Amino acid sequence: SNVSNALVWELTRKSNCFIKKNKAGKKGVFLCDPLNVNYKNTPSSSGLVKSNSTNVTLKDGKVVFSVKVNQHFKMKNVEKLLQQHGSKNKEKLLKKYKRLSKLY
Amino acid sequence: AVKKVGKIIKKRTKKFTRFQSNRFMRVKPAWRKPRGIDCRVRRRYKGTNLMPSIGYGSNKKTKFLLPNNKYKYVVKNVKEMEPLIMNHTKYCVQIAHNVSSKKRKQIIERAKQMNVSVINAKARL
Amino acid sequence: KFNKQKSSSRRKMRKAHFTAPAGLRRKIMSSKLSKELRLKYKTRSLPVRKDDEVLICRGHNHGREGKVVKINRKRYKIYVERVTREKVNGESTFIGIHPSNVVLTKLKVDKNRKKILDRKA
Amino acid sequence: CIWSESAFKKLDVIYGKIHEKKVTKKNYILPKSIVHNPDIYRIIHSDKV
Amino acid sequence: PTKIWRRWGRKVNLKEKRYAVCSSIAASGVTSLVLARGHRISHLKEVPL
Amino acid sequence: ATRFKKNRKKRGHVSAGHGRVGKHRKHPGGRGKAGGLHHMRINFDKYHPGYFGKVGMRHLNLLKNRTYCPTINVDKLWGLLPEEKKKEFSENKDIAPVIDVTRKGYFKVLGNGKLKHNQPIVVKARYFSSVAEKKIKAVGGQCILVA
Amino acid sequence: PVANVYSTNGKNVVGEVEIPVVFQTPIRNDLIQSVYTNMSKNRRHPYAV
Amino acid sequence: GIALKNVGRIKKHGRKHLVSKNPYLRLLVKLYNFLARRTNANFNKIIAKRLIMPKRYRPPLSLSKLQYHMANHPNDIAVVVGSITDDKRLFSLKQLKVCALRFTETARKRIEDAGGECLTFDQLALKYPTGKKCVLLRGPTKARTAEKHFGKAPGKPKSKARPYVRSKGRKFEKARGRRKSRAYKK
Amino acid sequence: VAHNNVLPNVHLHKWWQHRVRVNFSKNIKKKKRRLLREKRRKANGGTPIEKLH
RNA sequence: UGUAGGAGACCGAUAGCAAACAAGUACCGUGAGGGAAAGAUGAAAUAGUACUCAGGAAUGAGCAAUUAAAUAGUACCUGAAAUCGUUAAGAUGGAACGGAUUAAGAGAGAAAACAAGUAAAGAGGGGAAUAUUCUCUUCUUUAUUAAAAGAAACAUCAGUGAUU
RNA sequence: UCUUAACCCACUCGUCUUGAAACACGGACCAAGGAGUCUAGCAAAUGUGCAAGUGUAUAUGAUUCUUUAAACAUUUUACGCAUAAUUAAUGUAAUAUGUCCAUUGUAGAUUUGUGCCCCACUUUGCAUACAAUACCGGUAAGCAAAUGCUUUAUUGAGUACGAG
RNA sequence: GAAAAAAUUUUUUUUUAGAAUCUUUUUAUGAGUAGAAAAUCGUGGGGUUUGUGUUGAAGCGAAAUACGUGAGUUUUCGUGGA
């Protein structure tokens, strides 16, 4: 067929509306798609590139668990949901959720 | 001379000066490469306005890192701080100059919760 | 929007606003009608007249109702009864109000207006 | 993009599956791809390779 | 001075234009690209809508 | 366009990227094609060999319609049929194609290449080469001169 | 290769339609971009002194 | 100091990575570079190098020429790092197996009709890992019309370079300086 | 004139700036011709306006 | 070209029509002709500087006074530089600044340039469980243990040297 | 950070010039302005689409008519350049029917095999380089009544399965 | 794919890389007018994207333990009123 992950990455490693690049601080490039586990500009992490994936975000004052077509859910409940629907990363994600959880 | 501190060596300080800016007002202070048929500076005469050149450059494993030991990131909205929770130990926020005091306060508060350093902390209060 | 007849270019419109003749100026000194009157007449907006009673609802006098003194088509200002203000030399003049900042309550009918009200109906 | 079902069906007609006298663009074909399948990692993963 | 006769336009080529249209429509087809283009398309059921 | 241009790369440099010492003066050899036969003669000899003077017969109005006549070689002739038709002739010996060279807009048939041995073919055209007639005949075909 | 058709309200899904063959064309970002820059250029009104 | 040729900096020539911005072509160079780096096979390196080449260098190839090349081993697969173009001189075609970058529309139709096989490079890699039982081919390269203006300069003895002219009639560059009669000959 | 490049031949030598015209008018002129002819056909009692040749 | 429309990936007051202003005006030339400069208070002057005091007068000051704002006062937006004033600090034997390196002053600063947590008890905020239990927190305070970090000093290596 | 110091060093920049710190020239100061462009035609480079074709011209057609002065569309030999050359020219014009085969070499990439990987044989023989032959237009020369002939010379910006 | 440290065997703290014009590492090397190139950086406007504004924008003045080899970028306080 005409489209697959490598092609998507070539298409979106430059042009990409959720790339945000740090002009003032020359080191920084982030990729802020809502399915990025870590905010790296990498097809390791890219929510565009990844075939099916799991991420915790924050939307309108509530932390959201999303899974990739596309679901949404509202610590133990998150842990159970990840254990279920998910597929190193889980462990990282749980850690990310704890850190995220602190915000209000 | 060399300005060592801990893991951070920067080789050169005293920001390079456009030749002749000492003794004519019109000549701007920020750098310019002299061209000139013969002029001292291009020709590298002893003890006169030593030309910058790339080899002076900071080490490549510490290239932009503030004495904070964290990379500076400019922020004008709380949404933009959504990535930097995952790098709180290695990037530090600066709140953008334009940002009004009500919003600015909110950004400071979010950062504190998120456990990330805020460099221009006391601004506009 | 869609018609090509009327220019929408900013400069030209602005010029039109400032160089407007007196009849046109009289037309664009129009005011929102109060709810009871709006219900009565089935009409959104009217050109203002002298003996009518307005309520102010924008600017530093938004508690104030009152009768209209003079309307100034040269300066785009209506003047109202007790929006008085003393000047530097201790002389009382009326504060200018722009028509958008007033909502018109009681309006005095006369045959020219009666014709307009019927025409609207 | 928001398509009508009529539009969607007509799209296929236009580029010549079940062609027509005036709707179809005459003598025109879809450009064939340089790469047949772009899953580079599957090719690399694949047993023979 | 700037004259009235700059080379204002360009004669873009028919076959290329057609290909650009086909490819652009095809690109719209792919979910990741629309999302990438920045639409808030998260809760949409299917990208060929 | 403008942003890529060469002058911006050299922008502060005195010559504008055009030589300090001799400088770029106006019209530096004299205009256009002037230096031919004299000071730019070597260029004219070395890059446009045959250029000067006149040669041959004059012709007062060419009137180019008279002498118009596109060519095709015999090599391409079977190619003016579609594929399926060609196969059908290859299969069936008893019939052969006529080809009217006028309909495809050619006037003279020339002799490059090899025809398929023992397919006769009838060729209708305005002009033929000597070679072409011999080749067409060799495979058992006929040439028909036609306006 | 079927795509779902929806009703006026999104709380239904109606009849499935085959995906048009147009959507299988190569994506070709560079073509779209380059063609767009040339095409867009033709829109301009002229200016001088 | 020290004295070295170009002060000890080596100078390689030609391309360094592809100029093309085309995503599919970018994907193909990544793939073949990977095959090149991992395997020791010369096939992978040459395919990678040729794939990078600019537009003039990889030519279009005629079917007829390809048949002539494949003739003495018709069991096997021709790979051609260019586009293949069709021919009306070619009467018929004996079911070849061809990998090419691009197919002219008519050629693909003919090859398919003949019972042959049209391969893209991704497909070639997948089916054949080292170019096993393959034949690398490329078309006429110098034969491009531009190159006929190159070489030892036009009007310098014997040399066969084309001049450049407005038109090729009898009043344009065909008198003084190209024959015995009017000054020196060619 | 310099090296391999063909001989120059541009006939803009007699005054040419006073003689350019740039047609920005193509589509609008085409629209105008169409609209007049259509109007004429509409006017003419439903008759064709084309003549036999 | 004249006049009327409509426009813009055009210019933005030293630009763009010479000309956004009372511009073919002022002004110059015997004359043919030549031919400028000069836009911006404020929301509102139907807010344009009342009043007192010192002044012949200009003006100034005010305990007085319009304004959200007059160091927005009709030279009225913003208000750079050249240049020049006031005070303070320093320098000062026929040039002045400068470069490379330190010094003594004088300013600035804590974001790496010490102390996580724990408890006591104030002030806040949230999240969950099925209006009140649980749990996460930020600011304050009291006191109360971490720890790390850099710089020193000596010692051990390793590398490169010098020495007897 | 700034500030003076102090040791040591340090000639007016631009500039044309064999050679400028010059008893060479231009620079009192400051602010803003201020100089390799645009079109035409041509070229190579490189990118991009299509490929013996290619470009849809002018123009037509559209429920195309804010944008749109753009976009879209074009019933089964219009024109440009290409596809064949050559000669002043009437003009003539590419191996050759023994065969859908595709002129000969020498190196030469890629492939097959032997005795999954280096070899050394073999095997196929691209690109290209260097030649060689044929053949086409012009010219010689020989013959000559003819669809002019010839084993021989030459010449061409020629050809030997296209490339634009 | 777990390394270490801290507490009091069990809790806490740090990190946990796969961007191909890219990452790790190695070695060599570094003069420059006339000249050529590449990589950057900045100004007016445009499409596209996602933002700052009256709890004060742009501008400006003075700076700053600010970042950059550098053009520059960033920011503090003061002015400023869109």
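Where a number appears in this text, it was derived from the coordinates with a stated rule and is not lab data. Cβ sites come from the backbone with ideal geometry, for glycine too, and all protein chains shown count toward neighbours.
Structure values in brief
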quantity	calculated
H:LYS168 versus A:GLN83: modelled label distance in nm, points set 7 Å from Cα along the beta carbon direction	8.4 nm
Relative counts (whole %) of C-alpha pair distances in the protein assembly as shown, using bins that are 10 Å wide	2, 6, 9, 13, 17, 18, 14, 9, 7, 4, 1, 0, 0
Cross-link reach list, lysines versus A:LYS23, counting only Cα pairs under 21 Å and skipping chain neighbours closer than eight places	A:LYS14, A:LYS40, B:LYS60, B:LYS61, B:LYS63, B:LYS70, B:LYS72, B:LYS76, B:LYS79, B:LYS90
J(HN,Hα) series, segment H:99-108, from Karplus relation 6.51 cos²θ - 1.76 cosθ + 1.60, nearest Hz, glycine and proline x	9, 9, 5, 8, 10, 4, 4, 4, 4, 4
Spin-label zone in segment F:122-137 - amide nitrogen under 18 Å from a point set 7 Å from the Cα of F:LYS85 along the C-beta vector	F:122-126
Shielding by partners, peptide A:40-47 (average Cβ within 10 angstrom, other chains)	1
Cross-link reach list, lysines versus H:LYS133, counting only Cα pairs under 23 Å and skipping chain neighbours closer than eight places	D:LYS48, H:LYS45, H:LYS49, H:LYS65, H:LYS94, H:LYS97
Too-long pairs where the Cα-Cα distance tops 31 Å, listed order kept, from F:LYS26/H:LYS168; A:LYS50/G:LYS41; E:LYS11/H:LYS55; D:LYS21/E:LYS17	F:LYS26/H:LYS168; A:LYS50/G:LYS41
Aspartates and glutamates whose Cα lies under 17 Å from that of H:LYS171, excluding same-chain neighbours fewer than 8 positions away	F:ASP45
Separation of alpha-carbon centers, segment C:42-68 and segment G:1-37, rounded to whole Å	57 Å
Span from the segment F:1-31 Cα centroid across to the chain I one, whole angstrom	39 Å
Among F:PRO120, F:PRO28, F:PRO82: highest mean-square fluctuation, GNM of chain F, C-alpha pairs under 10 Å	F:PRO28
Choice from H:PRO59, H:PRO129, H:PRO157 showing the highest fluctuation, given a GNM over chain H with Cα pairs closer than 10 Å	H:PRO157
Nonlocal amide H pairs with C:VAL80, under 5 Å, H built at 1.01 Å	C:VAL69, C:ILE95
Other-chain or far-sequence residues with amide H under 5 Å of F:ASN73's (modelled H)	F:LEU110
Residue-by-residue Karplus 3J(HN,Hα) for segment H:23-34, coefficients 6.51, -1.76, 1.60, Hz, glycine and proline x	x, 4, 5, 4, 4, 4, 5, 4, 4, 5, 4, 4
Using θ = phi - 60° and Karplus 6.51 cos²θ - 1.76 cosθ + 1.60, couplings along segment D:27-44 (whole Hz; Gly, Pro as x)	6, 10, 10, 5, x, 5, 5, 5, 9, 6, 9, x, 6, 4, 5, 4, 4, 4
Loop trypsin sites (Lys or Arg not before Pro), segment C:32-95 (other Cβ atoms within 10 Å of the site Cβ: 13 or fewer; DSSP)	C:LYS42, C:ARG44, C:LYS50, C:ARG58, C:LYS74, C:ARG75, C:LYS87
Exposure proxy order (Cβ contacts within 10 Å, fewest to most) of I:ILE49, H:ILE77	I:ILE49, H:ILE77
Potential extension, B:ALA121-B:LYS7 segment - 0.36 nm per residue separation minus Cα distance	38.5 nm
Low-density loop cleavage sites - trypsin sites (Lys or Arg not before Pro) in chain I, where at most 14 other Cβ are within 10 Å (DSSP)	I:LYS14, I:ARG21, I:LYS51
Computed FRET value (nearest 0.05) for F:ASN43 with I:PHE24, which takes r as the C-beta separation and R₀ as 45 Å	0.60
Share, in percent, of DSSP beta bridges within the protein assembly as shown that are antiparallel, nearest 5	50 percent
FRET efficiency, 1/(1 + (r/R0)^6) with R0 56 Å, evaluated for F:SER130 and G:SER34 via beta carbons	0.60
Förster-model FRET efficiency, 30 Å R0, A:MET75 and A:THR42, C-beta, rounded to 0.05	0.60
H:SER181-B:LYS112 pseudo-label distance in nm [points 7 Å out on the Cα-to-Cβ vector]	10.2 nm
Rough spin-label spacing in nm, given labels placed 7 Å along Cα→Cβ, for C:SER100 and C:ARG38	1.7 nm
Residues in segment I:1-39 reached by a label modelled at E:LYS3 [backbone nitrogen below 17 Å; 7 Å Cα→Cβ]	I:9-24
Chymotrypsin sites (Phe, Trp or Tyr not before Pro) within segment F:76-147: DSSP coil, no more than 14 neighbouring Cβ in 10 Å	F:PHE107
